[PDB]
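Next up, coords_39.pdb (PDB, C-alpha atoms):
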```pdb
ATOM      1  CA  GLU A1538     -24.882  55.253 -64.260  1.00  0.00           C
ATOM      2  CA  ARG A1539     -27.424  53.171 -66.191  1.00  0.00           C
ATOM      3  CA  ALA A1540     -25.918  54.573 -69.399  1.00  0.00           C
ATOM      4  CA  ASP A1541     -22.596  53.098 -68.163  1.00  0.00           C
ATOM      5  CA  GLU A1542     -20.405  55.984 -69.356  1.00  0.00           C
ATOM      6  CA  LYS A1543     -17.660  56.941 -66.888  1.00  0.00           C
ATOM      7  CA  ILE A1544     -15.822  59.029 -69.510  1.00  0.00           C
ATOM      8  CA  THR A1545     -17.019  62.253 -67.868  1.00  0.00           C
ATOM      9  CA  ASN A1546     -14.756  64.167 -65.501  1.00  0.00           C
ATOM     10  CA  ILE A1547     -17.584  64.136 -62.933  1.00  0.00           C
ATOM     11  CA  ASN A1548     -17.675  60.974 -60.833  1.00  0.00           C
ATOM     12  CA  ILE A1549     -20.972  59.162 -60.268  1.00  0.00           C
ATOM     13  CA  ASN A1550     -20.093  56.154 -58.081  1.00  0.00           C
ATOM     14  CA  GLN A1551     -19.802  58.200 -54.867  1.00  0.00           C
ATOM     15  CA  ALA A1552     -22.530  60.871 -54.960  1.00  0.00           C
ATOM     16  CA  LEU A1553     -25.335  58.512 -53.888  1.00  0.00           C
ATOM     17  CA  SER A1554     -23.991  58.331 -50.329  1.00  0.00           C
ATOM     18  CA  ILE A1555     -23.401  62.099 -50.296  1.00  0.00           C
ATOM     19  CA  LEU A1556     -27.046  62.747 -51.184  1.00  0.00           C
ATOM     20  CA  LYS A1557     -28.258  60.414 -48.420  1.00  0.00           C
ATOM     21  CA  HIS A1558     -25.944  62.050 -45.872  1.00  0.00           C
ATOM     22  CA  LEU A1559     -27.107  65.526 -46.910  1.00  0.00           C
ATOM     23  CA  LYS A1560     -30.756  64.470 -46.612  1.00  0.00           C
ATOM     24  CA  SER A1561     -30.113  62.971 -43.166  1.00  0.00           C
ATOM     25  CA  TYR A1562     -28.414  66.202 -42.040  1.00  0.00           C
ATOM     26  CA  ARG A1563     -30.134  69.512 -41.284  1.00  0.00           C
ATOM     27  CA  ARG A1564     -28.354  72.848 -41.638  1.00  0.00           C
ATOM     28  CA  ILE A1565     -28.306  75.064 -38.546  1.00  0.00           C
ATOM     29  CA  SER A1566     -26.949  78.294 -40.077  1.00  0.00           C
ATOM     30  CA  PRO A1567     -28.198  80.757 -42.716  1.00  0.00           C
ATOM     31  CA  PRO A1568     -26.649  80.506 -46.194  1.00  0.00           C
ATOM     32  CA  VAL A1569     -23.166  81.991 -46.503  1.00  0.00           C
ATOM     33  CA  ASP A1570     -22.249  84.653 -49.064  1.00  0.00           C
ATOM     34  CA  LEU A1571     -20.356  82.045 -51.106  1.00  0.00           C
ATOM     35  CA  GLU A1572     -23.607  80.245 -51.950  1.00  0.00           C
ATOM     36  CA  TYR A1573     -25.257  83.559 -52.858  1.00  0.00           C
ATOM     37  CA  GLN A1574     -22.326  84.466 -55.121  1.00  0.00           C
ATOM     38  CA  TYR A1575     -22.315  81.073 -56.850  1.00  0.00           C
ATOM     39  CA  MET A1576     -26.090  81.208 -57.339  1.00  0.00           C
ATOM     40  CA  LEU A1577     -25.921  84.760 -58.729  1.00  0.00           C
ATOM     41  CA  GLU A1578     -23.277  83.694 -61.257  1.00  0.00           C
ATOM     42  CA  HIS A1579     -25.989  81.414 -62.734  1.00  0.00           C
ATOM     43  CA  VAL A1580     -28.852  83.629 -61.625  1.00  0.00           C
ATOM     44  CA  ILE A1581     -31.764  81.687 -60.096  1.00  0.00           C
ATOM     45  CA  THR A1582     -33.877  82.577 -57.064  1.00  0.00           C
ATOM     46  CA  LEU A1583     -32.714  80.699 -53.974  1.00  0.00           C
ATOM     47  CA  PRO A1584     -35.354  78.232 -52.715  1.00  0.00           C
ATOM     48  CA  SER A1585     -36.382  77.790 -49.087  1.00  0.00           C
ATOM     49  CA  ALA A1586     -34.314  74.582 -48.839  1.00  0.00           C
ATOM     50  CA  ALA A1587     -31.220  76.779 -48.443  1.00  0.00           C
ATOM     51  CA  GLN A1588     -32.425  77.342 -44.874  1.00  0.00           C
ATOM     52  CA  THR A1589     -32.334  73.603 -44.089  1.00  0.00           C
ATOM     53  CA  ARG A1590     -29.669  71.936 -46.259  1.00  0.00           C
ATOM     54  CA  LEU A1591     -26.329  72.503 -48.001  1.00  0.00           C
ATOM     55  CA  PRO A1592     -25.773  73.099 -51.740  1.00  0.00           C
ATOM     56  CA  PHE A1593     -24.638  70.023 -53.646  1.00  0.00           C
ATOM     57  CA  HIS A1594     -23.005  71.906 -56.536  1.00  0.00           C
ATOM     58  CA  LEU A1595     -20.471  73.641 -54.274  1.00  0.00           C
ATOM     59  CA  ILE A1596     -19.684  70.403 -52.400  1.00  0.00           C
ATOM     60  CA  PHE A1597     -19.189  67.631 -54.952  1.00  0.00           C
ATOM     61  CA  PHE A1598     -17.365  69.253 -57.882  1.00  0.00           C
ATOM     62  CA  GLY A1599     -16.496  72.443 -56.003  1.00  0.00           C
ATOM     63  CA  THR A1600     -13.053  73.238 -54.680  1.00  0.00           C
ATOM     64  CA  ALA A1601     -11.865  72.282 -51.205  1.00  0.00           C
ATOM     65  CA  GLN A1602     -11.575  76.016 -50.507  1.00  0.00           C
ATOM     66  CA  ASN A1603     -15.341  76.273 -50.997  1.00  0.00           C
ATOM     67  CA  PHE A1604     -15.725  73.141 -48.857  1.00  0.00           C
ATOM     68  CA  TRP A1605     -13.916  74.755 -45.909  1.00  0.00           C
ATOM     69  CA  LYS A1606     -15.651  78.098 -46.487  1.00  0.00           C
ATOM     70  CA  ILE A1607     -19.047  76.381 -46.271  1.00  0.00           C
ATOM     71  CA  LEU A1608     -18.415  73.934 -43.412  1.00  0.00           C
ATOM     72  CA  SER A1609     -16.710  76.654 -41.334  1.00  0.00           C
ATOM     73  CA  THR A1610     -20.064  78.035 -40.147  1.00  0.00           C
ATOM     74  CA  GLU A1611     -21.587  74.551 -39.701  1.00  0.00           C
ATOM     75  CA  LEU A1612     -19.154  73.265 -37.059  1.00  0.00           C
ATOM     76  CA  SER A1613     -20.709  71.793 -33.910  1.00  0.00           C
ATOM     77  CA  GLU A1614     -20.346  68.745 -31.676  1.00  0.00           C
ATOM     78  CA  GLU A1615     -23.387  67.018 -33.196  1.00  0.00           C
ATOM     79  CA  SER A1616     -22.378  67.976 -36.745  1.00  0.00           C
ATOM     80  CA  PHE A1617     -18.803  66.767 -36.222  1.00  0.00           C
ATOM     81  CA  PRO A1618     -19.460  63.050 -36.982  1.00  0.00           C
ATOM     82  CA  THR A1619     -21.563  63.784 -40.082  1.00  0.00           C
ATOM     83  CA  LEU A1620     -19.120  66.348 -41.484  1.00  0.00           C
ATOM     84  CA  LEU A1621     -16.162  64.094 -40.632  1.00  0.00           C
ATOM     85  CA  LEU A1622     -17.779  61.227 -42.548  1.00  0.00           C
ATOM     86  CA  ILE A1623     -18.493  63.583 -45.463  1.00  0.00           C
ATOM     87  CA  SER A1624     -14.846  64.684 -45.502  1.00  0.00           C
ATOM     88  CA  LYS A1625     -13.848  61.010 -45.402  1.00  0.00           C
ATOM     89  CA  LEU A1626     -15.972  60.522 -48.520  1.00  0.00           C
ATOM     90  CA  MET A1627     -14.558  63.765 -49.965  1.00  0.00           C
ATOM     91  CA  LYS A1628     -10.973  62.462 -49.566  1.00  0.00           C
ATOM     92  CA  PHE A1629     -10.023  65.937 -48.325  1.00  0.00           C
ATOM     93  CA  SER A1630      -7.570  67.002 -45.621  1.00  0.00           C
ATOM     94  CA  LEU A1631      -9.088  65.845 -42.333  1.00  0.00           C
ATOM     95  CA  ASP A1632      -6.479  67.781 -40.325  1.00  0.00           C
ATOM     96  CA  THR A1633      -8.001  71.162 -41.209  1.00  0.00           C
ATOM     97  CA  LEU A1634     -11.385  69.896 -40.009  1.00  0.00           C
ATOM     98  CA  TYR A1635      -9.828  68.613 -36.782  1.00  0.00           C
ATOM     99  CA  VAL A1636      -8.066  71.923 -36.078  1.00  0.00           C
ATOM    100  CA  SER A1637     -11.196  73.954 -36.842  1.00  0.00           C
ATOM    101  CA  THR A1638     -13.391  71.683 -34.706  1.00  0.00           C
ATOM    102  CA  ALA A1639     -10.948  71.838 -31.793  1.00  0.00           C
ATOM    103  CA  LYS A1640     -10.848  75.642 -31.936  1.00  0.00           C
ATOM    104  CA  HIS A1641     -14.645  75.857 -32.256  1.00  0.00           C
ATOM    105  CA  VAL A1642     -15.257  73.528 -29.302  1.00  0.00           C
ATOM    106  CA  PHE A1643     -12.694  75.408 -27.196  1.00  0.00           C
ATOM    107  CA  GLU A1644     -14.290  78.772 -28.002  1.00  0.00           C
ATOM    108  CA  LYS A1645     -17.973  77.810 -27.781  1.00  0.00           C
ATOM    109  CA  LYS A1646     -18.008  75.078 -25.118  1.00  0.00           C
ATOM    110  CA  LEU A1647     -14.777  75.114 -23.092  1.00  0.00           C
ATOM    111  CA  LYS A1648     -14.238  78.883 -22.844  1.00  0.00           C
ATOM    112  CA  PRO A1649     -17.480  79.776 -20.966  1.00  0.00           C
TER     113      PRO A1649
END
```
Now, as a test, write the supplied structure out as structure tokens.
Amino acid sequence: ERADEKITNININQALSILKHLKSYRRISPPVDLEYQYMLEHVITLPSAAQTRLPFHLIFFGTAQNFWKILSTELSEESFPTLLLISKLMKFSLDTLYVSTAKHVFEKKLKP
């Protein structure tokens, strides 16, 4: 950003809020096989931070399919506002998140 070169296909003006939101959020689930596969394509040992946070490479410039594969296992009532705000900043389809959250809350909280 200091270099002032927005010619790259990767955006820079929006990732600062994403990093803060990811730092403020704590992951509750073990890493999914998608993260293992993406890390083993560019082989590097997974650090311990995979147990507490979400990978930035698969979120920012990754596909929305990866987005919904990763946030599928992270759905909860407390995580719903943070993930909804992230999806607002992702400019993705909020309706899929709403349907998935409704089904998850029905199954985990309303069913018992």
Convert the output of the PyMOL selection byres ((chain A and resi 1623) around 12) on the shown file into explicit residues, formatted as an mmCIF file with C-alpha atoms, in the frame of the given file.
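So the final result, stored in part33.cif, reads:
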```
data_model
loop_
_atom_site.group_PDB
_atom_site.id
_atom_site.type_symbol
_atom_site.label_atom_id
_atom_site.label_comp_id
_atom_site.auth_asym_id
_atom_site.auth_seq_id
_atom_site.Cartn_x
_atom_site.Cartn_y
_atom_site.Cartn_z
ATOM 1 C CA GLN A 1551 -19.802 58.200 -54.867
ATOM 2 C CA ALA A 1552 -22.530 60.871 -54.960
ATOM 3 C CA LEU A 1553 -25.335 58.512 -53.888
ATOM 4 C CA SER A 1554 -23.991 58.331 -50.329
ATOM 5 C CA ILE A 1555 -23.401 62.099 -50.296
ATOM 6 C CA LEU A 1556 -27.046 62.747 -51.184
ATOM 7 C CA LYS A 1557 -28.258 60.414 -48.420
ATOM 8 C CA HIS A 1558 -25.944 62.050 -45.872
ATOM 9 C CA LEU A 1559 -27.107 65.526 -46.910
ATOM 10 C CA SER A 1561 -30.113 62.971 -43.166
ATOM 11 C CA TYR A 1562 -28.414 66.202 -42.040
ATOM 12 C CA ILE A 1596 -19.684 70.403 -52.400
ATOM 13 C CA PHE A 1597 -19.189 67.631 -54.952
ATOM 14 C CA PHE A 1604 -15.725 73.141 -48.857
ATOM 15 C CA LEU A 1608 -18.415 73.934 -43.412
ATOM 16 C CA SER A 1616 -22.378 67.976 -36.745
ATOM 17 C CA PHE A 1617 -18.803 66.767 -36.222
ATOM 18 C CA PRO A 1618 -19.460 63.050 -36.982
ATOM 19 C CA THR A 1619 -21.563 63.784 -40.082
ATOM 20 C CA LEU A 1620 -19.120 66.348 -41.484
ATOM 21 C CA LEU A 1621 -16.162 64.094 -40.632
ATOM 22 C CA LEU A 1622 -17.779 61.227 -42.548
ATOM 23 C CA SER A 1624 -14.846 64.684 -45.502
ATOM 24 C CA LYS A 1625 -13.848 61.010 -45.402
ATOM 25 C CA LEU A 1626 -15.972 60.522 -48.520
ATOM 26 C CA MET A 1627 -14.558 63.765 -49.965
ATOM 27 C CA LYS A 1628 -10.973 62.462 -49.566
ATOM 28 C CA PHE A 1629 -10.023 65.937 -48.325
ATOM 29 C CA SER A 1630 -7.570 67.002 -45.621
ATOM 30 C CA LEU A 1631 -9.088 65.845 -42.333
ATOM 31 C CA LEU A 1634 -11.385 69.896 -40.009
#
```
Counting only C-alpha atoms, find the residues whose atoms lie at most 12 Å from (-33.5, 73.9, -48.3) (file coordinates) and write them out as a ChimeraX atom specification. /A:1559-1560,1562-1568,1583-1593
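For the pair CA of residue 1576 in chain A and CA of residue 1595 in chain A, the separation is 9.9 Å.
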A:1607, A:1547, A:1639, A:1601: which is nearest residue 1569 in chain A, counting only C-alpha atoms? A:1607
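The gap separating CA of residue 1600 in chain A from CA of residue 1642 in chain A is 25.5 Å, in Å to one decimal.
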To verify the selection step, state as a PyMOL selection string which residues the PyMOL selection byres ((chain A and resi 1538) around 12) yields on this input. chain A and resi 1539-1545+1547-1553
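Taking CA of residue 1636 in chain A and CA of residue 1649 in chain A as endpoints, the distance between them is 19.5 Å.
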Could you check which of A:1638, A:1632, A:1598, A:1579 is closest to residue 1613 in chain A, using all atoms listed in the file? A:1638
Range 1622-1633 of chain A: axis-aligned bounding box, 8 Å on each side, centre and edge lengths in Å, one decimal, as JSON:
```
{"center_x": -12.5, "center_y": 65.8, "center_z": -45.1, "size_x": 28.0, "size_y": 26.6, "size_z": 25.6}
```
Residue 1606 in chain A: which residues within 10 Å, counting all atoms listed in the file, same-chain residues fewer than 3 positions away excluded, as a ChimeraX atom specification? /A:1569-1572,1600-1603,1609-1611
